[PDB]
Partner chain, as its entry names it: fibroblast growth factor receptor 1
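There is one chain below, alone, in structure tokens, taken in the form solved without its partner chain.
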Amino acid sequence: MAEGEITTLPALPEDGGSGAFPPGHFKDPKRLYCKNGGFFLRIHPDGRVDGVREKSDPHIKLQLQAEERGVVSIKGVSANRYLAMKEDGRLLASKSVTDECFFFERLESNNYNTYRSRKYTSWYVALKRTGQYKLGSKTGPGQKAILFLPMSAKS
């Protein structure tokens, strides 16, 4: 009956944020919790990307990896696929990584993170309120769907 995996509750591990996010936190998976509509990102094995409020889904355990400075490659653990944004706006995942699998990460002044697309820095990643994936064409500033809260599953 224990909700979620190893519990969670609001916390703040490593309070030494005197800079940004140097290499030292991409060793454990990270749950992407969307503050808009409260929805956790979840990559299905079929590639279909969709968010869900069921934190008891071991499919939301995405393995992130820091590549260059500010660049971070996302990867699915159970899905075993790298997220990829198409050119029209359809988001999907594949076993082979590509140049569209990168996402410029940027932390704002609100403890909220923001993943911006690379091959398309003119659009950010954001889900809908019904748990569906918002087209990368309707995404943009003004919408708070960009306020993500990737919590590391340390403990």
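Numbering follows the first chain given and starts at 1.
Note that the form solved in complex with its partner chain isn't included here; everything after this is about it.
Checklist entry - Taking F40, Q65 and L149 as the candidate spot, are all three within 4.5 angstroms of its partner chain in the bound PDB entry by heavy atoms? => result All of them do, each having a heavy atom within 4.5 Å of the partner.
Next on the checklist: Given that its partner chain is not shown alongside this chain, does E105 nevertheless sit within 4.5 Å of it in the bound PDB entry, heavy atom to heavy atom?
Outcome noted: Looking in the bound PDB entry, residue contacts with its partner chain include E105, since a heavy atom lies within 4.5 Å.
Next on the checklist: I'd like to know if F26 sits close to its partner chain in the bound PDB entry, meaning any non-hydrogen atom pair within 4.5 angstroms.
Outcome noted: Yes, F26 is a contact residue.
Next on the checklist: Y120 versus its partner chain, in the bound PDB entry: is there a non-hydrogen atom within 4.5 Å?
Outcome noted: Judged by the heavy-atom cut-off of 4.5 Å, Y120 is well away from its partner chain in the bound PDB entry.
Next on the checklist: Can you tell me if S94 lies within 4.5 angstroms of its partner chain in the bound PDB entry, counting non-hydrogen atoms only?
Outcome noted: Close contact is absent here: in the bound PDB entry, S94 is far from its partner chain, nothing within 4.5 Å, heavy atoms only.
Checklist entry - Is any part of 102-136 within 4.5 angstroms of its partner chain in the bound PDB entry by a non-hydrogen atom, and which residues would that be? => result Going through 102-136 in order - heavy atoms within 4.5 Å of its partner chain in the bound PDB entry - the hits are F102, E105, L107, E108, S109, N110, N111, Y112, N113.
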